[PDB]
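Take a look at the letters that make up each chain.
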Amino acid sequence: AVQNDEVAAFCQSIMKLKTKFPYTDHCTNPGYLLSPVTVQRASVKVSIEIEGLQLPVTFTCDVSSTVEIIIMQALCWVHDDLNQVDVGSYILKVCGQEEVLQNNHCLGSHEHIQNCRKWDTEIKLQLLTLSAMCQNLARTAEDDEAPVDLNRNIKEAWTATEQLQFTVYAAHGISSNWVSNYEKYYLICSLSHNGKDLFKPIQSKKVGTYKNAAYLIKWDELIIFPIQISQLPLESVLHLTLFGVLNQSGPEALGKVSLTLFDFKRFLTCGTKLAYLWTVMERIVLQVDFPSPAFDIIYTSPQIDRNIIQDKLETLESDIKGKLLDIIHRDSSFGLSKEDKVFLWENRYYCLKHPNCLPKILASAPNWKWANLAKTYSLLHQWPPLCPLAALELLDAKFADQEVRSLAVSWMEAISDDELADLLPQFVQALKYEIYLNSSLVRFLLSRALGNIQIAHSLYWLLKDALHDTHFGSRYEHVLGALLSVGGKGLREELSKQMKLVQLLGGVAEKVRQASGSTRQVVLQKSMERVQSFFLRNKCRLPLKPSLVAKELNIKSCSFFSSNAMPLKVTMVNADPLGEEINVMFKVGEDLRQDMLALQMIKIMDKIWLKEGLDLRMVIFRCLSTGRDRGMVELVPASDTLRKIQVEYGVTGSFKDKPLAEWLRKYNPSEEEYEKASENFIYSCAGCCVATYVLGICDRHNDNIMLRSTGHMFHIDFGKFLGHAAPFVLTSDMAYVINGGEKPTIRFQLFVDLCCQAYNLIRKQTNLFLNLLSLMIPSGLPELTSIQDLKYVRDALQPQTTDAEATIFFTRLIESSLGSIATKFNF
Ligand SMILES: CS(=O)(=O)Nc1cccc(-c2csc(NC(=O)CSc3nc4nccnc4c(=O)n3CCc3ccccc3)n2)c1
């Protein structure tokens, strides 16, 4: 009955958000995907199709020049004098791909450009105007005008002395497999804020089902906490963990319930409140009765302190300033001893010069008591703006305060769509630490989605994948409903076709696995015919890369890889005849979400390196979980497992060093071509080695390691992630490729330099990797479950030590990985 009120006011806020994104604004409503930029620290051939020219124009562009000047370098090839064409109208799309280049960005800073250079493929763009560039996704006047629908006494609280108490009445609708399995049941009640218990939990008494009511458990027990309303922060949560002692022939948790002690309008919970814990998907109703005074108790925030605290200061230098600087320059807040905490908290007004340390300060607060909020808030308002990545820590569970979080979101406005897009999973998890449906965060994400179609696309797939969390399933239903609503008729119809495609592909995969031995191909062709029927009545965009528009299935290219998963090779025809055909893997019966995380962490190491001008030539491939234990995976062309290389070589010749080199000589015959390709191997192997050690991917064998024909090395099956007890292994044929001989060369010295440089550049961002892995804890991936799992990664990243002693540390890992051939080299 406030739940309906809360939703109603959300919708009101979301209508008001929409008014800032009118259909007419091409900036915020372009109707097309933007080709992604990743800002980079020389020259290239671009081929541009031009309307009314039989041949496309090919010329050299300074990779450093802006798409804007390139657009008319290309009008200068057809037009001798360009006053009689409006350059503004013209845009540049990638051939085959309904994605448009960003005028005010470098050519070199586009993902599509960096990728072509890496693979040495033809950059193929199309010159065209806004009028002729597909806009089927654009929002309409109807969409903007349309409504938002989804899928008296006053005591203040600081004066309220009433002790927090409530009666756990009953649970209703317990299944009959429960009434057999367990005799008695019991609730563990837990009171928390900032993700931590305020008091030790209180157990209810142990009670069986009520007389003549096998669907009902009745406790009718008053529970009293040793705390009064005054002492409860606004974001205080109640957690009733229902448990069940097994009948003869340790009681198991049967479900959890969340209950905010205040509601969205700051009023304390009064009266009877119902919550729903889910077990299949069957709905049990828990009745908690809170007191009903004649009066409403409302949380009021303290009186604001306007004092501005600078100018004259103690400026003591007894090494106390040095110790403060030491903890300011500490990698992170992780491991920070209670002593380091009080020290910071006192010299906090001296730290005002180093904005990105605020998280250490807030985590070193003595408490979040009403009294002390006034001085913590004063600081926050005079505090300088934080880097968006630094602010991310302030949306973790640790900081539940609504002013901290809302201010973290204001600093984050600074971030580019292009960087947020690779950070969306973390942001979708953080939504579990907003106790209220409306919040600065969900408005920030919904407003970014309105303004940028890649972000709306990715939010879609990530919210759908969060619906499956039984505890937060309802929160995410309302966030999804608001996104789908505010996205328009255009966006939703493509997302429906996209949903429809993945479901059919999943059906096909299930049936192919069910089919046994021969006739598996015949089953694939028969099941694929329904997808053939689906494309006959629909053009559809590819979920993995919605820039690609499939129109048709190519059945004779459609295949199944030979594996326990039996993944399918889905080949599709591009709807643009300027395009190349579409190849993806659809895999069923593996939870891809962890594969997705490995990839993201690798991609962020890439970006960190590119930032500092280090290019390790990394293969960056996409993976999307479409539901639970299924999704679509990018296929890398002209690549093969290490195993398969060694096997092929084993048939002719018995030299262990020769196989990788012989495979690369076959696809790169010229000495220059072989050199270019072994150098791609040096660089990409180095990135792979660093990534393997930091992320703890210790599972690397001849099957997990892949090799593109161009020389680039990469990993595919991230089965073991953050693994505990040489973390990477360099075989003798890997060594041969880097040396380019069986004796060592300065190419091996280039390999170690690259490993160490790249390693230090990741250690300088230790705090980003920790925040990005903590924010994924609530996601329920098996080997990322506690704040201990992070410590292994921090341990691997060795942050106390200089770049000098880290370089010695990693160089010793390389000596160790070489195993027995290590003796051939000099360290
Ligand atoms: C310009 S174009 O459009 O015409 N070329 C193009 C474009 C896109 C894709 C393909 C394509 C078709 S088949 C393929 N893959 C291979 O050649 C190597 S196999 C393999 N590659 C993996 N890449 C990544 C992530 N994962 C994988 C994985 O799992 N595999 C399968 C590994 C395997 C080996 C042996 C038995 C079972 C599974 N790319 C072409």
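As documented in the archive entry, the model was determined using X-ray crystallography at 2.5900 Å resolution.

Colleague: I'd like to hear about the sheet that holds strand 27 (residues 705-708), residue by residue, with values.
Modeller: Read across the open sheet, the three strands follow the order 26-27-28; overall the sheet is antiparallel. Taken across any chain shown, the strands that pair with only one partner, and hence form the sheet edges, are strand 26 (639-641) and strand 28 (713-715). Averaged over all pairs of adjacent strands, the angle between strand axes in this sheet comes to 30 degrees, irrespective of strand direction. With three bridges connecting them, strand 27 and strand 28 associate as antiparallel partners. Across the sheet, the residue bridging to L707 is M713, located in strand 28.

Colleague: Help me get a handle on unusual backbone geometry, residues and values and all.
Modeller: Excluding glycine, residues mostly carry a negative phi; peptide bonds, for their part, are mostly trans. Phi at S249 takes a positive value of approximately 50 degrees, unusual for a residue other than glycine. Within the secondary structure layout, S249 lies in the loop between strand 13 (237-246) and strand 14 (252-255). Taking relative accessible area as the criterion, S249 reaches 99% and is therefore assigned exposed. At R266, a position not held by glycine, the phi torsion is positive, near 80 degrees. Of note, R266 is situated in the loop between strand 15 (258-260) and strand 16 (272-278). By relative accessible area, which is 27% here, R266 ends up partly exposed.

Colleague: An account of the site of the ligand is needed here, citing residue identities and associated values.
Modeller: Every one of the 15 residues lining the ligand counts as a neighbour, but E581, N583, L635, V636 and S639 are closest to it. Calculation on the ligand without its partners gives an accessible area of 870 Å², and the protein chains cover 68% of this total. Considered class by class, the residues forming the shell around the ligand number eight nonpolar, four polar and three charged.

Colleague: Explain the packing of aromatic side chains to me, using residue names and the numbers behind them.
Modeller: Under the criterion given, the structure shown has 21 aromatic pairs. Judged by centre distance (5.5 Å) and plane angle (55 degrees), the ring pair of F166 and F290 falls under tilted. Each member of the pair, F166 as well as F290, carries the same accessibility label: buried. Ring centres of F728 and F810 lie 5.6 Å apart, and the angle between their planes is 20 degrees; this geometry places the pair in the stacked category. In this pair, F728 is assigned in the loop between strand 28 and helix 23 (732-739) and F810 in helix 27 (residues 803-817), connecting sequence segments 82 residues apart. An aromatic cluster is present here, built from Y693, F728, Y759, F809 and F810 joined pairwise through their rings.

Colleague: So what about the pairing of strand 25 (residues 630-634)? Which residues, and what values?
Modeller: Sheet topology note: the strand 23 (residues 582-588)/strand 25 ladder contains five bridges and is antiparallel. Looking across to strand 25, one finds that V588 is bridged to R630. Alignment of strand 24 (residues 623-625) against strand 25, held across three bridges, turns out to be antiparallel. Paired with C623 across the two strands is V633, which belongs to strand 25. Once strand 24 ends, the chain turns through four residues before running back antiparallel as strand 25, passing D629 with a positive phi of about 65 degrees.

Colleague: Pulling in residues and values, what's your account of the pairing of strand 17 (residues 283-289)?
Modeller: Looking at chain direction, strand 8 (residues 163-172) and strand 17 are connected through five bridges and run antiparallel. Residue pairing in the sheet places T167 in a bridge with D289 of strand 17. Taken together, the seven bridges between strand 16 and strand 17 define a ladder with antiparallel strand orientation. Each residue of the ladder has a partner; that of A275, found in strand 17, is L286.

Colleague: Help me get a handle on the packing of helix 19 (residues 593-611) against helix 24 (residues 746-763), residues and values and all.
Modeller: Between helix 19 and helix 24, the least distance of the axes is 10 Å, while the angle of their chain directions is 105 degrees. By the angle between their axes, helix 19 is roughly perpendicular relative to helix 24. For the pair formed by helix 19 and helix 24, the contact residues are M605, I608 and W609 on the first element and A758, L761 and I762 on the second. In terms of residue class, the contact of helix 19 with helix 24 is built from six nonpolar, no polar and no charged.

Colleague: Can you lay out the sheet that holds strand 16 for me, pointing to particular residues and giving the numbers?
Modeller: With antiparallel pairing, the five strands of this open sheet are ordered in space as 11-12-8-17-16. Sheet topology places strand 11 (209-210) and strand 16 at the edges, where each strand pairs with a single neighbour.

Colleague: So, the domain arrangement of the protein: which residues are in play, and what are the values?
Modeller: Domain assignment breaks the protein into domain 1 (1-1 + 303-489), domain 2 (26-141), domain 3 (154-298) and domain 4 (595-824). Between domain 2 and domain 3, the C-alpha centre-to-centre distance is 59 Å.

Colleague: I'd love a proper account of empty space enclosed by the protein, names of residues and values included.
Modeller: For the largest cavity, the calculated volume is near 90 Å³. Forming the boundary of the largest cavity are 14 residues, of which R139, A449, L450, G487 and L491 lie nearest the centre. Of all elements in the fold, only helix 15 (440-451), helix 16 (453-466) and helix 17 (473-514) reach the threshold of two or more residues within the lining of the largest cavity. Tallying contributions element by element places helix 17 first for the lining of the largest cavity, with four residues.

Colleague: Give a detailed account of the packing of helix 17 against helix 18 (residues 520-535), specifying residues and quantitative values.
Modeller: At a minimum axis separation of 9 Å, helix 17 and helix 18 run at an interaxial angle of 170 degrees. The angle between helix 17 and helix 18 falls in the class roughly antiparallel. Relative to helix 18, the crossing made by helix 17 is right-handed. Here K497, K500, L501, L504, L505, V508, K511, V512 and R513 of helix 17 come into contact with helix 18, specifically with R520, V523, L524, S527, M528, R530, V531, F534 and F535. The class makeup of the residues in the contact of helix 17 with helix 18 is eleven nonpolar, one polar and six charged.

Colleague: Give a description of the pattern of salt bridges that names residues and reports values.
Modeller: Evaluated as defined, the whole model comprises 31 salt bridges. Here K93 ties to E98 by a salt bridge, and the two come within 3.7 Å at their closest N and O atoms. As a salt-bridge pair, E317 and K321 come within 3.5 Å of each other at their nearest N and O atoms. Each of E111, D422, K603 and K607 takes part in salt bridges that share partners, so that together they form one network.

Colleague: Give me the lowdown on the side chain of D418, citing residues and values where you can.
Modeller: Relative to the helices and strands, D418 is located in helix 13 (residues 417-420). With no salt bridge to any partner, buried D418 finds its closest opposite charge in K607, at an N-O distance of 7.8 Å. Apart from the residues within four sequence positions on either side, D418 is in contact with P36, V37, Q102 and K607.

Colleague: So, the environment of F751: which residues are in play, and what are the values?
Modeller: Within the element layout of this structure, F751 appears in helix 24. The sequence separation of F751 and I738 amounts to 13 residues, and the corresponding C-alpha distance is 7.4 Å. Setting aside residues no more than four positions away along its own chain, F751 makes contact with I682, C685, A686, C689, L730, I738 and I814.

Colleague: Can you break down a positive patch on the surface residue by residue, with the values?
Modeller: On the surface, a cluster of positive charge is made up of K500, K511, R530 and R537. Here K500 is to be found in helix 17. Residue classification places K500 among the partly exposed residues on the basis of a relative accessible area of 35%.

Colleague: Explain helix 7 (residues 320-328) residue by residue, including any values.
Modeller: Every buried residue of helix 7 is accounted for by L324, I327 and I328. With its buried residues spanning 110 degrees around the axis, helix 7 presents them on a single face. In this structure, the buried residues of helix 7 make contact with helix 8 (338-346) and helix 9 (358-363).

Analysis parameters
Residues numbered from 1 in each chain as written, not as in the entry; some residues may be left out. Heavy atoms only, no water. Residues with missing side-chain atoms left out of burial classes, pairs and counts. Pairing = 2+ DSSP bridges. Helix = DSSP H or I, 4+ residues; strand = E, 2+ residues; numbered from the N terminus. Axes fitted to C-alpha atoms, helices over the stretch in contact; angles between N-to-C directions. Buried < 20%, exposed > 50% of the residue type's maximum accessible area, 1.4 Å probe, protein only. Near = heavy atom within 4 Å. Areas by Shrake-Rupley, 256 points an atom, 1.4 Å probe, with all protein chains shown as cover. Nonpolar A, V, L, I, M, F, W, Y, C, P; charged D, E, K, R; others polar. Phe/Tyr/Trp six-rings, centres within 6.5 Å; stacked < 30°, edge-to-face > 60°. Parallel < 35°, antiparallel > 145°, perpendicular 65-115°, else oblique. Contact = heavy atoms within 4.5 Å. Domains from an automatic or database assignment. 1 Å grid on protein atoms, 1.4 Å probe; cavity = no way out; pocket = protein on both sides within 12 Å on 5 of 7 lines; lining within 4 Å. Points joined across faces, edges and corners; volume = space filled by probe spheres on them. Left-handed = near helix turned anticlockwise from the far one by under 90°. Salt bridge = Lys/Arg side-chain N within 4 Å of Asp/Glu carboxyl O. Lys, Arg positive; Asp, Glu negative; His and termini not counted. Patch = residues over 30% accessible without salt bridge, like charges linked within 9 Å, V, L, I, M, F, W, Y side chains within 5 Å. Charge placed at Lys NZ, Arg CZ, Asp CG, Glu CD. Arc of directions from axis to C-beta.

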